[PDB]
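Peer 1: Have a look at the structure that comes next, please.
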Amino acid sequence: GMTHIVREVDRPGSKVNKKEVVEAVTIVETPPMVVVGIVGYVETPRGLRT
Amino acid sequence: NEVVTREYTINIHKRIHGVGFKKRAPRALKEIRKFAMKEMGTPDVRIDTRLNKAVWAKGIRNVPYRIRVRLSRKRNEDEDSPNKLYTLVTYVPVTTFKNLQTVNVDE
Amino acid sequence: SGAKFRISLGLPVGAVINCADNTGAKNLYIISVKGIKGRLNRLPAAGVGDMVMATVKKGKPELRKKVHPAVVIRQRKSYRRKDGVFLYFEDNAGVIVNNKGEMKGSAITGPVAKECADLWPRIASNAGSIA
Amino acid sequence: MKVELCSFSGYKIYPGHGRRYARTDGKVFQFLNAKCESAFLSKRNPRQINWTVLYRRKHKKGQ
Amino acid sequence: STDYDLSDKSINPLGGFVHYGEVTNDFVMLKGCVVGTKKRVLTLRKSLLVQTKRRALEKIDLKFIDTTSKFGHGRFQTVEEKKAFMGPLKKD
RNA sequence: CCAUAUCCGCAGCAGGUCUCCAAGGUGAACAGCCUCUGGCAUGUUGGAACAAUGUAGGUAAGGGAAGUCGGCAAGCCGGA
RNA sequence: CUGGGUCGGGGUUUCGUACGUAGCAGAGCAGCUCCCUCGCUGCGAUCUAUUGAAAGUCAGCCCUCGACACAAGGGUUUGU
Ligand SMILES: [Mg+2]
Ligand SMILES: [Mg+2]
Ligand SMILES: [Mg+2]
Ligand SMILES: [Mg+2]
Ligand SMILES: [Mg+2]
Ligand SMILES: [Mg+2]
Ligand SMILES: [Mg+2]
Ligand SMILES: [Mg+2]
Ligand SMILES: [Mg+2]
Numbered sequence: 052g053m054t055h056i057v058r059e060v061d062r063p064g065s066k067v068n069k070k071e072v073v074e075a076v077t078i079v080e081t082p083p084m085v086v087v088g089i090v091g092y093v094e095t096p097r098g099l100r101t
Numbered sequence: 018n019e020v021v022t023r024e025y026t027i028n029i030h031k032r033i034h035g036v037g038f039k040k041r042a043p044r045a046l047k048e049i050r051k052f053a054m055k056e057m058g059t060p061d062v063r064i065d066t067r068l069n070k071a072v073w074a075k076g077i078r079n080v081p082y083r084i085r086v087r088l089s090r091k092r093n094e095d096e097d098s099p100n101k102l103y104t105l106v107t108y109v110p111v112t113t114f115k116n117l118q119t120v121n122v123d124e
Numbered sequence: 010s011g012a013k014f015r016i017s018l019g020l021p022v023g024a025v026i027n028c029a030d031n032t033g034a035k036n037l038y039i040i041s042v043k044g045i046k047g048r049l050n051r052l053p054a055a056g057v058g059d060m061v062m063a064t065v066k067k068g069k070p071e072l073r074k075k076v077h078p079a080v081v082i083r084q085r086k087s088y089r090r091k092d093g094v095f096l097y098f099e100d101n102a103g104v105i106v107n108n109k110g111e112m113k114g115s116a117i118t119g120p121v122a123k124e125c126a127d128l129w130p131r132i133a134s135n136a137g138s139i140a
Numbered sequence: 001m002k003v004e005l006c007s008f009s010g011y012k013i014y015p016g017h018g019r020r021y022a023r024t025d026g027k028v029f030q031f032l033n034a035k036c037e038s039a040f041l042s043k044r045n046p047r048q049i050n051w052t053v054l055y056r057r058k059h060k061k062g063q
Numbered sequence: 304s305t306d307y308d309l310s311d312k313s314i315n316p317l318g319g320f321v322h323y324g325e326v327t328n329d330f331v332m333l334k335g336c337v338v339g340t341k342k343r344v345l346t347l348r349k350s351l352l353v354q355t356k357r358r359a360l361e362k363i364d365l366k367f368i369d370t371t372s373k374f375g376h377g378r379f380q381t382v383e384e385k386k387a388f389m390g391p392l393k394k395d
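So this is what it looks like as structure tokens:
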């Protein structure tokens with residue numbers, strides 16, 4: 052999903068410095084992954100090869 | 018167990034949704050016919066005329082939002098078709114749909 | 010030494026805003042803006058802070074039938090500040106100036122927007138209210 | 001951040017929402033949604049509209 | 304919960320996220336927008352370039368996050384404030 | 001029979017073809033909108049889903065003819 | 001993973017305070033007569049109390065583990 056956020060700003064030389072701003076975001080759910088397997092490649096004059 | 022009856026309530030507003038003003042109630046009756054066919058595994062269905070009147074009681078645009086019925090299996094007393102069972106649908110009048118469940122009637 | 014922070018433009022060419030100062034003008038028919046290169050079949054819009062070139066339609070004979078510069082002070086089209094607030098001012102209004110940015114009258118009616126007072130200081134002095 | 005109160009109703013605002021309006025007499029009003037604006041602009045007194053804070057305090061609704 | 308608001312609130316809005324569900328897991332928070340519908344699978348890759356612009360190098364510390372319901376015009380952050388404001392309803 | 005099926009139009013053709021009778025309500029009114037007496041089954045077929053371009057209808061922030069050979073079309077006013 | 005469906009219950013949310021009953025609220029009114037004209041048949045828009053109430057809420061919103069049955073069955077092809 053999506054929502055919005057307030058934060059403070061320390062960009063120097065600007066007209067919005069030392070001030071608050073409002074901006075949108077996206078939220079991304081991320082459980083931990085699991086490893087199962089391996090694969091190794093090799094380099095050849097036609098490209099790569101599994 | 019194979020001759021049995023029970024009571025239901027149905028939400029029509031979610032089954033007819035997105036349909037135009039000249040097809041709403043007629044599709045209700047099709048949905049009801051689908052409902053039973055999946056509920057009791059029978060491809061033969063009758064409908065009582067009291068129910069039809071209830072649905073067409075406010076025209077064709079405005080169709081009520083919920084309704085209660087009774088289903089019954091039966092076993093072709095005076096019929097010999099390739100089907101051996103048929104279902105039957107009848108109407109129940111009610112003041113309020115609050116808190117109601119799918120009971121099982123016994124007779 | 011700052012910026013301007015792009016806003017939403019509301020006043021295309023062909024509009025008649027009202028004038029605020031005390032010179033005799035009542036209207037200001039816009040004819041062009043400053044600082045537009047353009048694209049095919051697009052109209053040169055204008056917003057607050059933007060400097061434009063204008064004519065008068067109701068006022069004194071001495072000013073009519075001539076071109077002047079102007080600066081915009083209020084618009085009715087909602088625009089965003091970086092604090093997350095959208096704003097509008099009930100009306101569309103301007104004032105007459107010279108090239109360098111020095112204003113021609115002496116007073117201003119109504120409130121001035123913050124977004125032009127920053128750029129043009131001389132306007133900011135003569136204003137009673139602000140924002 | 002600052003929270004502010006609506007001007008037609010008296011509900012609260014958080015800083016991502018709303019619109020603000022500045023009538024050319026030299027005054028500003030906060031509003032929260034299109035519902036409340038149209039009421040304000042159409043010149044309706046909030047003390048009849050029964051979903052607002054002022055009504056609830058005038059008729060002593062609650063307590 | 305930022306270091307400032309100090310309310311016992313979660314990321315989840317009221318009424319949950321629309322068309323998705325309820326997040327009970329670790330997440331990340333991006334600036335701006337992305338491709339794709341909800342419930343869709345994304346891939347997150349490290350940058351292949353060098354980053355020297357101040358607009359990349361800077362750092363951030365949040366102050367406030369909005370948990371209004373998106374299934375309408377949300378006006379409350381949490382149920383608790385919703386109740387303390389309104390009062391006791393016919394749920395008595 | 002006397003006409004969106006018995007007449008002429010190649011045809012059960014959205015065309016054309018002389019007359020009589022003529023209720024309740026609103027309203028100035030044989031205007032237009034709903035109904036009773038009497039008549040019909042939607043006008044040479046039906047079911048499923050709601051892509052593009054169409055035909056007939058509508059609405060649009062701010063500005064208001066800057067469009068175009070040309071305010072063409074649409075919209076405003078509208079009764080007492 | 002015993003699972004998913006139908007109904008139900010809660011969360012959120014839209015519009016704005018339901019029918020009925022009570023009222024010594026109520027511009028006035030003539031009938032009644034215990035002339036009482038605050039006693040009543042009552043005539044009566046509208047107002048107040050029950051009432052931030054009622055109604056709707058996935059059909060492409062959230063959560064349940066509450067009630068009901070249901071889910072082992074079918075058809076056609078594939079060889080180093
Ligand atoms: Mg061109
Ligand atoms: Mg939303
Ligand atoms: Mg008609
Ligand atoms: Mg037909
Ligand atoms: Mg025909
Ligand atoms: Mg417009
Ligand atoms: Mg021209
Ligand atoms: Mg041209
Ligand atoms: Mg014309």
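Chains as they are written, first to last, in PDB author numbering: chain A, 52 to 101; chain B, 18 to 124; chain C, 10 to 140; chain D, 1 to 63; chain E, 304 to 395.
In this text, a Cβ means the ideal position worked out from N, Cα and C, and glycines have one as well.
Is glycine 16 (chain D) close to chain A? Criterion is C-beta to C-beta, closer than 8 angstroms.
Peer 2: As a first step, residue 16 (chain D) must be located in the fourth sequence, where it is residue number 16. So, interface residue.
Peer 1: Three-state secondary structure (DSSP) at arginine 56 (chain D)?
Peer 2: In the fourth sequence, counting from the first residue as 1, residue 56 (chain D) sits at position 56. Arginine 56 (chain D): helix per DSSP, three-state reduction.
Peer 1: Taking a Cβ distance cut-off of 9 angstroms, strictly less, list which residues of the segment 83–110 of chain C are near chain D, in chain order.
Peer 2: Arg83, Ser87, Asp92, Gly93, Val94, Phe95, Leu96, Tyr97, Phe98, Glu99, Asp100, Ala102
Peer 1: So, with DSSP's three-state summary, where would you put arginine 357 (chain E)?
Peer 2: Translated into the one-based positions of the fifth sequence, residue 357 (chain E) becomes position 54. Residue state, collapsed to three classes: helix.
Peer 1: Between which residues of its own chain and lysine 58 (chain D) is the CB-CB distance below 8 angstroms, once the five residues before and five after are set aside?
Peer 2: Taking the first residue of the fourth sequence as position 1, residue 58 (chain D) is located at position 58. Same-chain partners within the cutoff: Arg47.
Peer 1: With burial defined as no fewer than 16 other Cβ atoms inside 10 Å of the residue's Cβ, what is the status of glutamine 354 (chain E): buried or exposed?
Peer 2: Numbered from 1 along the fifth sequence, position 51 holds the residue referred to as residue 354 (chain E). By the neighbour-count rule (16 or more Cβ atoms within 10 Å), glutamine 354 (chain E) is not buried but exposed.
Peer 1: Can you give me the C-alpha to C-alpha distance between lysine 40 (chain B) and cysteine 36 (chain D), rounded to a whole angstrom?
Peer 2: As a working note, residue 40 (chain B) is residue 23 in the second sequence. As a working note, residue 36 (chain D) is residue 36 in the fourth sequence. Taking the Cα positions, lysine 40 (chain B) is about 38 angstroms away from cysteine 36 (chain D).
Peer 1: State the Cα-Cα distance for the pair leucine 41 (chain D) and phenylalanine 95 (chain C), rounded to the nearest angstrom.
Peer 2: Start at 1 with the first residue of the fourth sequence, and residue 41 (chain D) comes out as number 41. Start at 1 with the first residue of the third sequence, and residue 95 (chain C) comes out as number 86. Going by the C-alpha atoms only, they are around 17 angstroms apart.
Peer 1: Just to confirm, is the Cβ distance from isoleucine 105 (chain C) to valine 121 (chain C) under 8 angstroms?
Peer 2: Position 96 of the third sequence, counting from 1, holds the residue named residue 105 (chain C). Position 112 of the third sequence, counting from 1, holds the residue named residue 121 (chain C). Not a contact, by the Cβ cut-off of 8 angstroms.
Peer 1: Using beta carbons (cut-off 8 angstroms, strictly below), is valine 73 (chain A) in contact with chain C?
Peer 2: Position 22 of the first sequence, counting from 1, holds the residue named residue 73 (chain A). With 8 angstroms as the cut-off, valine 73 (chain A) counts as an interface residue toward chain C.
Peer 1: I want to verify the contact list: residues of chain C whose CB lies under 8 angstroms from the CB of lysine 66 (chain A), in sequence order.
Peer 2: Position 15 of the first sequence, counted from the start, is the residue given in the question as residue 66 (chain A). Under the 8 angstroms cutoff, chain C gives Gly11, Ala12, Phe14, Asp127.
Peer 1: May I ask which residues mark the beginning and end of the alpha helix (DSSP H) holding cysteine 36 (chain D)?
Peer 2: Within the fourth sequence, the letter at position 36 stands for residue 36 (chain D). Unbroken alpha helix (DSSP H) run through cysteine 36 (chain D): 34–41.
Peer 1: Name, please, each residue of chain D whose Cβ falls closer than 7 angstroms to the Cβ of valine 57 (chain A).
Peer 2: Position 6 of the first sequence holds residue 57 (chain A). Neighbours of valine 57 (chain A) on chain D, chain order: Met1, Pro15.
Peer 1: Does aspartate 306 (chain E) have its Cβ less than 8 angstroms from a Cβ in chain A?
Peer 2: Position 3 of the fifth sequence, counting from 1, holds the residue named residue 306 (chain E). False, the Cβ-Cβ gap to chain A never drops below 8 angstroms.
Peer 1: Would you mind telling me which residues of chain D sit closer than 8 angstroms to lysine 366 (chain E), beta carbon to beta carbon, in chain order?
Peer 2: Numbered from 1 along the fifth sequence, position 63 holds the residue referred to as residue 366 (chain E). Going along chain D in sequence order, the residues near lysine 366 (chain E) (Cβ under 8 angstroms) are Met1.
Peer 1: Would DSSP call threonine 119 (chain B) helix, strand or coil?
Peer 2: As a working note, residue 119 (chain B) is residue 102 in the second sequence. In this structure, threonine 119 (chain B) counts as coil in the three-state DSSP scheme.
Peer 1: So, using beta-carbon positions, are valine 111 (chain B) and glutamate 24 (chain B) closer together than 8 angstroms?
Peer 2: One-based indexing of the second sequence puts residue 111 (chain B) at position 94. One-based indexing of the second sequence puts residue 24 (chain B) at position 7. No, the Cβ-Cβ distance between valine 111 (chain B) and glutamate 24 (chain B) is not below 8 angstroms.
Peer 1: Thinking just about the alpha-carbon of each residue, which of E:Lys366, E:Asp329, E:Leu345, E:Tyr323 is nearest to the one in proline 82 (chain A)?
Peer 2: Locating residue 82 (chain A) in the first sequence gives position 31, counting from the first residue. Per the Cα distances, E:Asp329.
Peer 1: Count the other CB atoms, across all protein chains shown, that sit within 10 Å of the CB of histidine 322 (chain E); report buried if there are 16 or more and exposed otherwise.
Peer 2: Numbered from its first residue, the fifth sequence carries residue 322 (chain E) at position 19. When all chains shown are included, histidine 322 (chain E) counts as exposed.
Peer 1: With three or more C-beta pairs closer than 8 angstroms as the rule, is the segment 22–36 of chain C touching the segment 95–108 of chain B?
Peer 2: no
Peer 1: State the DSSP-derived secondary structure class of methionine 332 (chain E), mapped to helix, strand or coil.
Peer 2: Here the question's residue 332 (chain E) lines up with position 29 in the fifth sequence. It is a strand residue.
Peer 1: Can the beta-carbon of residue 68 (chain D) be found less than 8 angstroms from the beta-carbon of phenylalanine 31 (chain D)?
Peer 2: No answer is possible for residue 68 (chain D): the residues shown for chain D start at 1 and end at 63.
Peer 1: Should the segment 83–95 of chain C be called in touch with the segment 108–118 of chain C, which here means at least 3 C-beta pairs below 8 angstroms?
Peer 2: Segments in contact, no.
Peer 1: Can you check which of these residues, C:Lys67, C:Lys66, C:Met62, is closest to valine 80 (chain C) by C-alpha distance?
Peer 2: Numbered from its first residue, the third sequence carries residue 80 (chain C) at position 71. Measuring from the Cα of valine 80 (chain C), the nearest candidate turns out to be C:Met62.
Peer 1: Can you pull the chain E neighbours of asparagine 33 (chain D), defined as C-beta to C-beta under 9 angstroms?
Peer 2: For the purposes of this step, residue 33 (chain D) is identified with residue 33 of the fourth sequence, where counting begins at 1. Simply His376, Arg378.
Peer 1: Helix, strand or coil: which one does DSSP assign to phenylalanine 29 (chain D)?
Peer 2: Counting from one through the fourth sequence, the residue named residue 29 (chain D) turns up at place 29. In this structure, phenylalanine 29 (chain D) counts as strand in the three-state DSSP scheme.
Peer 1: Smallest Cα separation from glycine 62 (chain D): which of E:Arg348, E:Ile314, E:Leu392?
Peer 2: If you number the fourth sequence from 1, residue 62 (chain D) lands on position 62. For the residues E:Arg348, E:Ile314, E:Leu392, the minimum Cα distance to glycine 62 (chain D) belongs to E:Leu392.
Peer 1: Quick one: what's got a C-beta closer than 7 angstroms to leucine 360 (chain E)'s C-beta in the same chain, skipping five residues either side?
Peer 2: The residue given as residue 360 (chain E) occupies position 57 in the fifth sequence. Excluding residues within five positions, the ones whose Cβ falls inside 7 angstroms are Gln354.
Peer 1: Is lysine 43 (chain C) near ligand 2 - that is, is its Cβ less than 7 angstroms away from at least one heavy atom of it?
Peer 2: Here residue 43 (chain C) refers to the residue found at position 34 of the third sequence. No.
Peer 1: Which two residues bound the contiguous alpha helix (DSSP H) that contains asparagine 135 (chain C)?
Peer 2: By 1-based counting over the third sequence, the position of residue 135 (chain C) is 126. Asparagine 135 (chain C) -> alpha helix (DSSP H) spans 130–135.
Peer 1: Provide the residue span of the alpha helix (DSSP H) that contains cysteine 28 (chain C), from first to last.
Peer 2: The residue labelled residue 28 (chain C) in the question sits at position 19 within the third sequence. Unbroken run through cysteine 28 (chain C) is the beta strand (DSSP E), 25–28; no alpha helix (DSSP H).
Peer 1: Got a sec? Which residues, its chain only, sit under 8 angstroms from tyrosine 92 (chain A) by beta carbon, not counting five neighbours each side?
Peer 2: Numbered from 1 along the first sequence, position 41 holds the residue referred to as residue 92 (chain A). Taken in chain order, the residues that qualify are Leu99, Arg100, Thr101.
Peer 1: When the cut-off is 8 angstroms and only beta carbons count, does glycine 62 (chain D) lie next to chain E?
Peer 2: Indexing the fourth sequence from 1 puts residue 62 (chain D) at position 62. Yes, contact with chain E.
Peer 1: Taking one C-beta from the segment 41–51 of chain B and one from the segment 67–81 of chain B each time, how about it: are there three or more such pairs within less than 8 angstroms?
Peer 2: yes
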